[PDB]
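Take a look at the structure below.
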Amino acid sequence: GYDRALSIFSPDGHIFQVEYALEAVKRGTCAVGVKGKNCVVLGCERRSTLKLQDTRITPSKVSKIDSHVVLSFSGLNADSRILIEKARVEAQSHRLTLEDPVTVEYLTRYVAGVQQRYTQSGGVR
Amino acid sequence: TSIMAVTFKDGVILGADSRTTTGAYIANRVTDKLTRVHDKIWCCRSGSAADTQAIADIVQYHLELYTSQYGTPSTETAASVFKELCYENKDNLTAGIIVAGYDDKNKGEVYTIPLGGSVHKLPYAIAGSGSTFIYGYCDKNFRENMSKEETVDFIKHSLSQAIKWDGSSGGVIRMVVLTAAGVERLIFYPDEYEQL
Amino acid sequence: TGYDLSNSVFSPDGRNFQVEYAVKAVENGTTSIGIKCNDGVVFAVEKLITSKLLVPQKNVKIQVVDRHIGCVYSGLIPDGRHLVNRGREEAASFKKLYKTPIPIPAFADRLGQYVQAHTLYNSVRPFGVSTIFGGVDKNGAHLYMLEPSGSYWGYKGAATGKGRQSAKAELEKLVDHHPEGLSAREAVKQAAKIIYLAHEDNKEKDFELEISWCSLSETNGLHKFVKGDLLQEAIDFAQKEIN
Amino acid sequence: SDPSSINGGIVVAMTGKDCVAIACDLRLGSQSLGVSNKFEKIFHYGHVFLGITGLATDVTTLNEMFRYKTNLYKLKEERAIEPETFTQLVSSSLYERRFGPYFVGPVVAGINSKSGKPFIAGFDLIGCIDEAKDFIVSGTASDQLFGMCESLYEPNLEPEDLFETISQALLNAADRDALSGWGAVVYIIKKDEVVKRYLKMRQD
Amino acid sequence: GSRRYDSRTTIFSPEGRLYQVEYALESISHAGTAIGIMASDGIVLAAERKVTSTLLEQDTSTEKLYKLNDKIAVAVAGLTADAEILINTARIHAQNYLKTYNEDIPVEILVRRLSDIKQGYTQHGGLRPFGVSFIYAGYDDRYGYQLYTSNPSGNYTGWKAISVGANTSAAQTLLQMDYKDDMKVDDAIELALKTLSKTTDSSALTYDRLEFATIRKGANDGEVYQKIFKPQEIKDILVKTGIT
Amino acid sequence: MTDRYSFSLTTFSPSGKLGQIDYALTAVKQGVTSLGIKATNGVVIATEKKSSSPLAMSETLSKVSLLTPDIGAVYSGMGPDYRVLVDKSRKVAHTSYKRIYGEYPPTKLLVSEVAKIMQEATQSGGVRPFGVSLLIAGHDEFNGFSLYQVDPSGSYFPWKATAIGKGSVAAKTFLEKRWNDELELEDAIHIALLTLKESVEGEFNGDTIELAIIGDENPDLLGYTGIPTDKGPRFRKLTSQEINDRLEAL
Amino acid sequence: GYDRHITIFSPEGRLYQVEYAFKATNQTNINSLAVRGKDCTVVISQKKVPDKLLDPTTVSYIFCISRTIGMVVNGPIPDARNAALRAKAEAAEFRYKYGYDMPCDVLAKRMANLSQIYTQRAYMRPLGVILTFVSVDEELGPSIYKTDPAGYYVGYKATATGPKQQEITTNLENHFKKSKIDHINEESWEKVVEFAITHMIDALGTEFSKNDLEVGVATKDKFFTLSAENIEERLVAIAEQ
Amino acid sequence: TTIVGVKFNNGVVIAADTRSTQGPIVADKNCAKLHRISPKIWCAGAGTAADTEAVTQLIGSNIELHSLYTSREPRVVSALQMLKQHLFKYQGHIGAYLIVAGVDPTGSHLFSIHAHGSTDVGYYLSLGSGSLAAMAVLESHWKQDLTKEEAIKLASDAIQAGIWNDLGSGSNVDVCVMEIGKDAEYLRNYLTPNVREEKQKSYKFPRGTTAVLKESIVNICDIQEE
Amino acid sequence: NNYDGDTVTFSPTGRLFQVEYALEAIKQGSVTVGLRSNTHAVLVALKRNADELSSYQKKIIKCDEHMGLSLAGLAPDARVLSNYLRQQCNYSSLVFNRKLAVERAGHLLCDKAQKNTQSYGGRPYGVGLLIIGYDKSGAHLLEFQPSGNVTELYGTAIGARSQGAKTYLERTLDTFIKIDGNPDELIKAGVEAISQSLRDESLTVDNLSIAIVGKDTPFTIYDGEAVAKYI
Ligand SMILES: C#CCCCC(=O)N[C@@H](Cc1ccccc1)C(=O)N[C@@H](CC(C)C)B(O)O
Ligand SMILES: C#CCCCC(=O)N[C@@H](Cc1ccccc1)C(=O)N[C@@H](CC(C)C)B(O)O
Ligand SMILES: [Cl-]
Ligand SMILES: [Cl-]
């Protein structure tokens, strides 16, 4: 299998592949999150360069991970689907074994853990 | 089955019957149980026909590949390859094989390989279901350094009795002579050997 | 250019430069020789005494394979050990399947193919040793020498290391002056002399002589080290010839 | 215990003049208990008809499998599969499970759309093809079906006559089997029209 | 060792772009234009074959329009060989879904699956991406008629009308101008051909340089029919719309 | 050891070109000319037997190969690459089709399988593309006669007639003038020999030309009688003598 | 310029590693020749023992692949022995699986396919050798088939390999232009070996002693190499007419 | 099942009956037990029907690919070796008992193969449940130097012995003759000594005899245009 | 230069630079001394601290009751190699009921280090080891280098400034070899030997590390106030 170390340290102690991934996020459409006293609101930008779009069927920016947790993102759209899918699977797995839906902190810790794993695994960016 | 191999002054002679049975039905009355794994290294087969054929085919392949790299193999080497197959696959095999060959340095040699996969170098060897009936005869009549004619008579008489008493043995008596002169095939029909 | 940065790459000549660089490591090593005699073979090697703190007769270089084959080498010592370990596996599996101990020509190709395989890929480095080896089998005595490329031939006499040219010249004299042949005991004496003569190329540090032999008459076709009185006798003969 | 007789059922096929017929019963049971009277065993992939008897889970599984395979065949070949070709596909598919087989008894029926020639075929659970000129039988009442078909059948029957012959072969065979019955269906197949008739039979 | 010769196909640029994806998109921009237009009563798929010959057997030829199942079809833009690898995978996925749930696969689910496969080649494995862009035309009972596109990045989006391949910028402007929501299939057929006729690099648009297909509920009662147009039928619709 | 080249050796360049595929097509351009023409009742494929030495027996080297009884193939480019492709093509015709459906694949689907193998050498780890273009002529019951070209990229196109390799540009022009939809097989063979003479320098005879047809069924070449539905292979390789006979009426 | 290090296409559609493997072929500076008789196939090769310390009996580039097939190699000995061991293994396996002796042309094709793989797969380098296979085939009769690092192979009426192959090739070509037949019209193999040596002497312009040559002969059902004394007898007969 | 093989002057002939059984029931009255491995190599099979068919197709497929690879006509010993090695590997679980025959560049050949992988050579052979009935005939009438006409007669007589005397065998006699330097002639239904007599009555029913509940047209056509 | 990117690459003069760079890591490491008589074998090691708040890095590792080593270079690599020796010593005991010979222990270390020098992807070990032991042929001292080279010696020293101690032992060779049946005097000679490699700093109570093995003496390590006797 392809084992090549793509994410590696540089002389100044930086992992450029991780830093260049942040530049992809900088390119992505804006997303905002604000929490009130008894609610949270997720705002998302849709770039109007794309008209003649079918807004019924086009992938929405905010995705339900479970009935009580949502996930929005900025960056590569194709990459986000992989994280969302993994998160949705883990949410159902948690309910199955712990008999309780995930905490927002736990689901975050899982998604973050997946992202970290892809920064020191061979053959992946 | 009645098979035997006998060393003598000029080399070694292999002998066998020609009967293959499925219960009491003789599936083949003209079988050739003397098979060639190398120019002057042959074997006698007893037990399962499928197993002994598969083994002999593999051994012939190993010795052909040995010869291509290291030159003519010894009879001892051929016996070792048979052994390695019979020993390591003893749970799944039913094969009783006698290996016989002629070198110029070692002359005639005989190795018997029974069910377990053990090897036994001997002056002569007998095997197969019909061998049981001639242990007494063969022990009393065998001599070392016999002539070719004497050894043919010894095998012919021995297998004649084995055939006479064993139902799994019969047909013609095939023999293969291995000397410096070359390889001679012999055959003896019922009308000849039954009257002995 | 760049053809010499990676193993298994043909240069525009049709050469494998990495293998040619391995030969340089061999040429840097101590001198080792092999002499084919009437009914066997003799191996000898130069051991440089780097310090007084080295325990005499303890750091043994010549290695036995099976019980009838001797192996000595010049260059990277660990690479030679790795090759002998493989040789011991090859010899074991041969004897396991075919019963007889591995013939010397058969054993030579086993090492040859293995060394040659280390010139086929860039993921491996070639061997940094030339190995002189041989012994007694059913067909008599055999001496071989194997290079980093996997190339090997049979030899009447063989030499490698830093003092190979001096040694080769001495071996050529023995071939000419003894067409009928050389005895095993003579070959031990001559081997000692040749190492002492070849030591002029490594004359800064003093050295320790190490000899071994396989002979049909003298050792029953088994590999043995030359020790005690027979070693001292060969040292005395060698010391007498240089003076 | 015997997988081929837990659920019960039968299938029969016949050839006629420029036509073929295939029929089956409707019973599904758990040994003595009758569970369903709407369990049809005949399926079709284009103009090729397949009847399957045996263990019902494998009947359902195989239908889904051959639907899968014929749908891909059509996409790649750009034409519907023919009876002769489908027969070979069934044999292949069954033999790949030689030492862990589907416990079924398939029957193929159809008319070649190019030659117009009527075609029927039968199989054992592991692939062997029986390509008969006259008729094919399968199921828990196969012995009964063999006896009815071998006596009632005559060659070159017209579609409306062939319907009567195959219907009586099935009905009377099923009535001598405890695990078959509970309704029946007959397909009459011509080169470009197919009629499906549900038969009135005794419900015990 | 082998590291020396590795192109590293799955890395970010300093700007945060995927080199190989961007270059694959450059490849696709030279492929024959393919257009999809969605109407209220159906979907149109039109595509231009690349500089053909008189000795090409057209009636048995297929390089642009492919059938994924009875309800879904795709228009291809890029390497045909790469597309066929993915098309066969998509055909299998649709049959897997049908076997599992006993229902025809929803269009989006099929699209997402192919798009996820494309994504994988950009993140891991060290292999080059597929140099293909698809237009998916399909129908299901949830969302009705749907148009999607996917590209080598694995990103997909839904459309009312869309073009891929060569001259998409010009084509997308022309579609944006004449497209209306209450449009019908016959009108959408005319729009698709008129757009190709203006964006084409060829001298004139003829029947032998086109592949055409419609997905209509114009099938006898509540059901959907796929029509891959024959050479003579493309010739007739070109005369009807007044292009030849 | 281990194959540590798990990464692609063919990649997109900034301009969107796949370099190794382009270079493979350049290798095909250097190759000897081969052609294919389709008639109403058959197909013909032909090429020059460019002998590397006069001591070499050119009969032992077959440029035109039988894939199935009704499908043949010819190439331009690297001969060794072609040889292994024919081996793989013959095998895939059995494993992925005949062992499943009990009949030989139709031309277009066998072509599709060969194309797939060539595409994978363009994307898989640690390999270069195949340096050949194939011309595959064949017949099957429902599609009739057909002729396909296959490139190093894995792309394939059906042709009425075409040519590949050295003098393909000139040969394709020659075929455009002569080809019509009413050609008989003999007329196509005649046109094939005329077209091939233009690209050949030296000797032009049955011994230096390799030519095969997909035409009528050959019951004489079947090898057995007793099954009416088996009528023999449609693929036939023309003999040295058969070629020379048609060179007199040239 | 890494397209010259591994087996991938250059912009000209060339494989440079394959071309450089062809150049390694002549590193040994040895010339070989093969011809066919009525009942036999003869192969001769130059033998050079430069070192006096070498055992001349072990210096050889002719190999006994099987009982019927012989192989001469043009190239370095390590790669030569690599190819020899593989061919021996393939020939033995063929006999086991298919129940008859592997034909010369079929073995050549198999080794050629293996060579082709090294030209396509990156991690494997080509072998710097040209393999000439000889036998008396039971169907095709006397047979010469030759393989190279490109994966190319073909049958031959006769052939030559080495630095001075062209001189030998033309010499053989001219002989077959006179006789107008595909072989040496001679009954005994001894005279065919004499022909082979004679025409190599004429082509190269050098005389040969018994230790300067190496000869391999293929007859029906066996391939064998000649000893120094067998070659000496051959050289005596040439000189006496 | 009764299958035989008989050698003769310039070739070899094989023959077989046409009955297939499932217990005591006859599954097929006109079964084809003569399989073609290659044009001039045919084998007859006994035992498990699907196995004899499958193992013959597989080896025939690989023999075809081998013939193309080697540019040679296939040999009987190749088919023999490939079959026995395959059957041995499956330790007898693939129940195919075969008689392999054919002509090739080496000559004419006749072998038998058993499910466990053992092979036997002979001038006359027989396998199957009716092999004892057939071998009784072969042992009584076989001689050296048989003509083609004599061998076909002997072979079909041996099959008839099985048809009449063995309950596992019946119906018709299939034959395949493989002569040297000729095409192999496959004589399907060479003998037909078991035609059913006319029935006493016709069981054609009056139209309307069967009771129907529902009728309907089945849509076999694809989805339509317009 | 161009030939030091990986271990799989010879230089034009036949050198392996990655191995030579690994050899350099040993020279940066703290000094350690080894010496033996006919009855006993002694290791003396100068431990190194990070600063005044830190502890002094341990230099000596026990492998068996009759064998152990001192390290100089990458400490984690010494842990990997000492773990391997522990296992090999242990395999010999469990399978053959045999204490592993010190010479054979050296051969096993050599072959393990070698594999890392001939393969792509991996790297050489970055540590040098001094193995002492008492087996059936008496006292032994070995010197391991990560190139693969292992050498049996009467005495030696590795690490920074190790040349001073190595010269002292080369003078004292005839004296310390004769110190039989007197452990304290053999350690004194080792402490006096390592003192020849000191500059600025001197041997304190938490600086010095001594180990000994002998005829009736299991491999034991002395640290802290246990070595104050020898200061
Ligand atoms: C089925 C079938 C035919 C094969 C029969 C078959 O192998 N017979 C065996 C006896 C045997 C053995 C083990 C299992 C069963 C039957 C046989 O005849 N062996 C004779 C020698 C062999 C080499 C010919 B002899 O030992 O009697
Ligand atoms: C149609 C159909 C299925 C037939 C089942 C089926 O294999 N029958 C076998 C007998 C048998 C075998 C194993 C288990 C039970 C029943 C059979 O008919 N064998 C005859 C020849 C075959 C090749 C046609 B004959 O050899 O006896
Ligand atoms: Cl037998
Ligand atoms: Cl191959």
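The chain as shown is numbered from 1 upward.
Cβ atoms here come from the backbone N, Cα and C positions, even for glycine.
Record features (Swiss-Prot):
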- E:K99: ubiquitin cross-link (CROSSLNK)
- E:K198: ubiquitin cross-link (CROSSLNK)
- E:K230: ubiquitin cross-link (CROSSLNK)
Give me the non-local Cβ neighbours of E:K99 (ubiquitin cross-link): same chain, 6+ apart in sequence, Cβ-Cβ under 8 Å, ordered along the sequence.
none
What's the CA to CA span in angstrom from E:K198 (ubiquitin cross-link) over to E:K230 (ubiquitin cross-link)?
23
Around the Cβ of E:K198 (ubiquitin cross-link), the count of other Cβ atoms that are within 10 Å:
12
Can you name the recorded sites among E:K99, E:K198, E:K230 whose Cβ is less than 8 Å from some Cβ in chain D?
E:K99
Taking only same-chain residues 6+ apart in sequence, whose CB is under 8 Å from that of E:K230 (ubiquitin cross-link), what do you get?
E:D59
Near chain I - the recorded sites E:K99, E:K198, E:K230, filtered by Cβ distance under 8 Å:
none
